[PDB]
Every structure is written in structure tokens, then in C-alpha cells.
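First up is the structure itself, then whatever we jot down about it.
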Amino acid sequence: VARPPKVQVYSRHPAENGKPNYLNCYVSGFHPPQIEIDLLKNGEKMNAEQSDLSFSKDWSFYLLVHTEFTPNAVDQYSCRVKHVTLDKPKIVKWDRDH
Amino acid sequence: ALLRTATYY
Amino acid sequence: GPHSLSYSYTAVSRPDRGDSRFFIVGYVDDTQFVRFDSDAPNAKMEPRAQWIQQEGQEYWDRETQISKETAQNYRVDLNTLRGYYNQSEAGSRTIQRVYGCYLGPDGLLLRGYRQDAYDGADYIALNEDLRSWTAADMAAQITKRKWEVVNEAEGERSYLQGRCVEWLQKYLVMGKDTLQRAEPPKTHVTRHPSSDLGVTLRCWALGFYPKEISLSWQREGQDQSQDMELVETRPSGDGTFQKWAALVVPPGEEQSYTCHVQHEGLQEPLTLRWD
């Protein structure tokens, strides 16, 4: 039983250029628990922390991977996820409106 | 607080 | 709703190295408060919420001891289920376990539970009566009979009806101002143009706790849940949650659509509209 990760990329508070915030990559609904998550600023890995591995009622796993950041009209952010269920890595760009 | 059992499968 | 203390175990074998990895996360309702990782340097049970930090070393030594005893058992348990299913010794496999207690209005056990899964599939479960087990297949029946032979259920039951609900009460006190008060969502609406005949309105609900909310779009009192884009509730990163609901309306009809937010932090349900 293998399940692919669902990815959601967002900020903790409404993105407002110049004001310090939190870039979140919420990965969930996946199985087995071995997973690889990198946060990207213009295509480059940063330095990030994650919440502890947890699971839902349906036994699928979920963790939040996040870092502190300051948004602007210039910088592009995204989340890169790798998992046994994926052909290649799944990159999901950050869209402040969704 | 955790449950203290160590019963094998 | 009624409060709950829960623990999640995850045991993953690593036939590669000769070992396995073991995770515990503790929850009161939807708030994580403790964690354990066998792969952590000199691994112990750790606080994961500001309100549990006030516990003495006597508390942490006990939970740490229990974590490692359990982690050691699961090292063998993985091998056992592998043998139960006549599986090769090459692949990484997983056992998961959830158990906990719900608090009743009288301060006694409302309901207690335990359920286990192997490789993502339901394996064994403790029955509501807390004196019997239900097995999903043959392998689990071997396991079921072992636990009957040593009366595992009675240890579980004495825990659930006693220690579990007692500590739950304490945790609810320790963290009463985050656990026990509802946090209302910070709500606003945004407008996003598409094409000539498409404008997207997005109703936001941010920083709310608990996780349960209702978001609906109505058109002049008429439900639009059919063509409404609604996202999975997501963590804010601070123990609160986010959600949004959107739908595409015509560029003229912004005022004809209203977003309705219902959350227990709210005094009266909200009707929002784009400005």
C-alpha cells in the first residue's frame, strides 16, 4: 500500500512584501513514511525545520516543513518533495493567493 | 502519560 | 467536543542497516505536546508544547523509559509480522498504533480505543468494551490470541479508565488557555480575475482553533457548494489552522455572493462579502 504526498505551499500570515513571515510546505496523505522535503528560494535549498511525523485515521502520514522568511515582489519560493511514489521530484511553487 | 505495556505481536 | 489524549506509534524496519526506527507523538485533541525519536542522539521523550515544559525530570525519565522499552519490543515485532506474512527480509515495513481516552462530562472515561495497522492496512483493534479484540486477518489472530493469553486488554483497560483520563485532565489544566478556549478565524475575502467571463472570489479563514469550521458560499441565500473550490484545512505552524473557499462569479455579481463562516470561536456565525 503506497500513497503519494499531497502538497500545499502557503504562508502563515497573508504575504505582505517586506514584513517577516513563515513559508510552509504541508505534506500529507502519503505512505510509507520515508520522505524528502526541501524548501527553495529561486531554486536553491534553504535551512528549515519540520514538525514531527504524525498520521491520520486512515494511517497516512503528515508533517509541516517550514522556515522564517521575508516576502518581496522579487523572490520566488517553492517546495520540492521526493517520495518512492514519485517518478521525479514534485516542485510546487508558492502562490500567495492560491 | 504513556501506557506501560510491552506485549509482543 | 469531548477532549482526548492520544499517542501514535510508528515502527519502521530498516533491513539495510540491521535496525529499525521508532516514533511517538503525543496529542491532546489536535495539539501535539510530546515526541520521541529512537534515531535522535541519546534519545528521550521531549516537550513539544510550552505548557508541558513545566513537568519535572521524574515525569520525563518515566516517559523516556517507557518509550525505549516499547522501541525495543517493536524491533522484534517487525520481524514477527514479517514472519506472519512470509515476507522477504529485504524490504522496509511499518507498524502503526493509536490509542487514547475521551473525557466524559463526569470526569470519567467516555470511550477508550486502540488500533494497529501493518504496512498501511488495518491489523488489530481493541473493542469498545475494552475486554476483547477484533482481528482483520490470520496474522492478527495469532497476535490476538497471544494478547488473550496474557490478558493485555485488562492492562489497557485499567490504563484507559484511570491514568489516561487523569493525565488528560491535568494537561487540559496546564494548557487551558490554548487547549480549552476556542480561537476564532481571522477572515477576509479576495478577488482574482480569470478571463472575460470569470472572476474568482476567495474567502479566507486563518489562525483558528479548533480545526473544525464551516465555509460556504451562497448566492442570494442559495448554496454554491457544487462549484465552490474548498481546500483541505492546513496547519498555520503555531497550533492553529487555515482554510479557504473560492468560486468563480461574473465580474458584475460580486455583491450577489456571500461567504458564511461558522466556528466555535465565533459568537455569531459570519456572513462576509467582497468590498
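Residues are named by chain letter and number: chains run A, B, ... in the order of the C-alpha cells, numbers start at 1 in each chain, and ligands are numbered from 1 in the order shown.
Omitting residue 114 (chain C) and its sequence neighbours fewer than 6 positions away, and counting only C-alpha atoms, the residues within 7 Å are residues 98, 99, 100, 125 and 126 of chain C.
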If we count only C-alpha atoms and set the cut-off at 8 Å, which residues sit around residue 2 (chain B), ignoring sequence neighbours fewer than 5 positions away in its own chain? Please answer as a ChimeraX atom specification.
/C:7,63,66,164
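For the pair CA of residue 105 (chain C) and CA of residue 172 (chain C), the interatomic distance is 13.6 Å.
If you take only C-alpha atoms and a cut-off of 7 Å, the residues of chain A that reach chain C are residues 1, 12, 54 and 59 of chain A.
With only C-alpha atoms taken into account, the protein and nucleic acid residues at most 12 Å from residue 43 (chain A) (excluding it and anything under 5 positions from it in its own chain) are residues 38, 75, 76, 77, 78, 79, 80, 91, 92, 93 and 94 of chain A.
Residues in contact with residue 7 (chain A) at up to 9 Å, not including ones fewer than 3 positions away on its chain and judged by only C-alpha atoms, are residues 25, 26, 27, 28, 79, 81, 90 and 92 of chain A.
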Using only C-alpha atoms, which residues sit within 10 Å of residue 77 (chain C) once same-chain residues fewer than 5 positions away are excluded, as a ChimeraX atom specification?
/B:7-9 /C:11,13,71-72,82-83,95
Compile the contact shell of residue 5 (chain B) as a VMD selection string: residues with an atom at most 8 Å away, counting only C-alpha atoms, same-chain residues fewer than 4 positions apart removed.
chain C and resid 70 152 155 to 156
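Going from CA of residue 37 (chain A) over to CA of residue 212 (chain C), you cover 27.6 Å.
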Mind checking which residues fall within 10 Å of residue 4 (chain A), counting only C-alpha atoms, ignoring those fewer than 4 positions away in the same chain, and posting them as a PyMOL selection string?
chain A and resi 27-32+60+82-86
May I have the selected residues written with C-alpha atoms, as a PDB file, in the first residue's frame?
```
ATOM      1  CA  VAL A  27       2.912  17.364   3.077  1.00  0.00           C
ATOM      2  CA  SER A  28       0.233  14.771   3.853  1.00  0.00           C
ATOM      3  CA  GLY A  29      -1.686  11.665   2.804  1.00  0.00           C
ATOM      4  CA  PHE A  30       1.446   9.652   1.988  1.00  0.00           C
ATOM      5  CA  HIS A  31       2.661   6.127   2.857  1.00  0.00           C
ATOM      6  CA  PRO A  32       5.394   4.782   3.695  1.00  0.00           C
ATOM      7  CA  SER A  60      -1.418   8.169   6.012  1.00  0.00           C
ATOM      8  CA  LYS A  82      10.644  13.339  -3.157  1.00  0.00           C
ATOM      9  CA  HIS A  83       8.956  10.036  -2.313  1.00  0.00           C
ATOM     10  CA  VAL A  84       9.055   6.419  -3.551  1.00  0.00           C
ATOM     11  CA  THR A  85       5.664   7.039  -5.134  1.00  0.00           C
ATOM     12  CA  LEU A  86       7.006   9.770  -7.429  1.00  0.00           C
TER      13      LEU A  86
END
```
Alpha helix (DSSP H) per DSSP on the backbone: members of region 139-215 of chain C, as an MDAnalysis selection string:
chainID C and resid 139:149 152:158 165:174 176:179
For the strand (DSSP E) assignment from backbone DSSP, which residues of region 25-91 of chain A qualify? Please present them as a ChimeraX atom specification.
/A:25-30,36-41,44-45,49-50,54-55,61-69,77-82,90-91
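If only C-alpha atoms are the atoms counted, then among C:133, C:274, C:51, C:147 the closest residue to chain B is C:147.
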Between CA of residue 140 (chain C) and CA of residue 74 (chain C), what is the distance, to one decimal in Å?
15.3 Å
